[PDB]
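Student: experimental structure and its sequence below.
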There are 8 protein chains.
Amino acid sequence: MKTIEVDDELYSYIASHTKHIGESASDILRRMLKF
Amino acid sequence: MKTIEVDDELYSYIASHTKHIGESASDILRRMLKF
Amino acid sequence: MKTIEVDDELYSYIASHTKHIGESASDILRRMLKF
Amino acid sequence: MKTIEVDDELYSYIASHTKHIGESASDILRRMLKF
Amino acid sequence: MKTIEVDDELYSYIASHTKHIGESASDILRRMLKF
Amino acid sequence: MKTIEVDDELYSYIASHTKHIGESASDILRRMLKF
Amino acid sequence: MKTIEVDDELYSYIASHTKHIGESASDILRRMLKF
Amino acid sequence: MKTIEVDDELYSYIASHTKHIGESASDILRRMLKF
Ligand SMILES: [Ca+2]
Ligand SMILES: [Ca+2]
């Protein structure tokens, strides 16, 4: 696992894309990025 | 811990209210209900 | 339909908001939120 | 199953005693009375 | 006025608590519940 | 600034998208997402 | 520190070799060369 | 054309790889990276 820092606005943006409650940031980003 | 059944639309609505990536449904609902 | 987990205290809190005997969690939560 | 009439206030009072989402009025009243 | 359905056994139980002939289910329950 | 965890593979994937040497993860992700 | 000029295509090529977000051109080039 | 910042030691290292007097940094780096 690696740590990344994002600006507050970008963090909220990512968190709001949660589709499965409690899922990791990796699952969200992978879904948003199509990766 | 108790399990609850909600319709799909309501589930997505709740999940989209995640403020802290990976937080539980309890933390989201408590925040949404101000309880 | 989707399933979610909530702490015992929160579950009781929601249950106690029943206004129509035998109604679903969705009906209760949707009323509690204003949606 | 038999049907009984109750005043609005009494109905709300009973409904608010729900402990298990979706449970019947018989389960609630039996719990409230101890029988 | 609201309608509630109770199991046969519970209905008889409630009816047997009549203290004033011809009284409503609300009067009986209110008395049995101390409400 | 807030901190998020990402799997190693995802980190490398994001890092490789650098277009301006030394730029932040926020600049990269915002570009990758279009927001 | 010293400054050098590189064609756009080469710059992008180097940038894309970022392995640690926000690292300097020196860190990237030194890794790419084996030095 | 884009500008890059490198440490002094790395700059001298690159300059010492000149094969054609007066050639650019791009030509040297491209040759060194086989790109
Ligand atoms: Ca019913
Ligand atoms: Ca940094």
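Tutor: Noted; the coordinates are in hand. Numbers count the residues shown, from 1 in each chain, chains lettered A, B, ... in the order given. Ligands and ions are numbered 1, 2, ... in the order given.
Student: in chain A, which residue sits closest to chain E?
Tutor: Closest contact between chain A and chain E, by C-beta to the nearest C-beta, is at residue A:21 (35.2 Å). All C-beta spots, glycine's among them, are computed from the backbone N, C-alpha and C.
Student: how far away is that residue from residue B:27?
Tutor: According to C-beta to C-beta, to the nearest Å, residue A:21 and residue B:27 sit 10 Å apart.
Student: then residue A:24?
Tutor: With distances taken as C-beta to C-beta, residue A:24 is found 16 Å from residue B:27.
Student: the one residue in chain A that gets nearest to chain H: what secondary structure?
Tutor: Per C-beta to the nearest C-beta, residue A:5 is where chain A lies closest to chain H, at 22.7 Å. Of the three states, residue A:5 takes strand according to DSSP: H, G, I helix; E, B strand; the rest coil.
Student: and for it, the neighbour number?
Tutor: Residue A:5 has 15 neighbours, counted by other C-beta atoms under 10 Å in any protein chain shown.
Student: on that earlier part again, where's the residue of chain A closest to chain E relative to chain G, distance?
Tutor: The gap separating residue A:21 from chain G is 29 Å, by C-beta to the nearest C-beta, to the nearest Å.
Student: and if you look at residue A:6?
Tutor: 11 Å.
Student: thinking that residue is in contact with residue F:28, fair?
Tutor: No. Counting by C-beta atoms under 8 Å, residue A:6 stays clear of residue F:28, with 9.7 Å between them.
Student: tell me where chain A has strands.
Tutor: Under the criterion DSSP state E, chain A carries strands at the ranges A:2-6.
Student: pick out the residue closest to the middle of it.
Tutor: In chain A, the centroid-proximal residue (C-alpha atoms, centre = their mean) is residue A:25; its distance is 3.6 Å.
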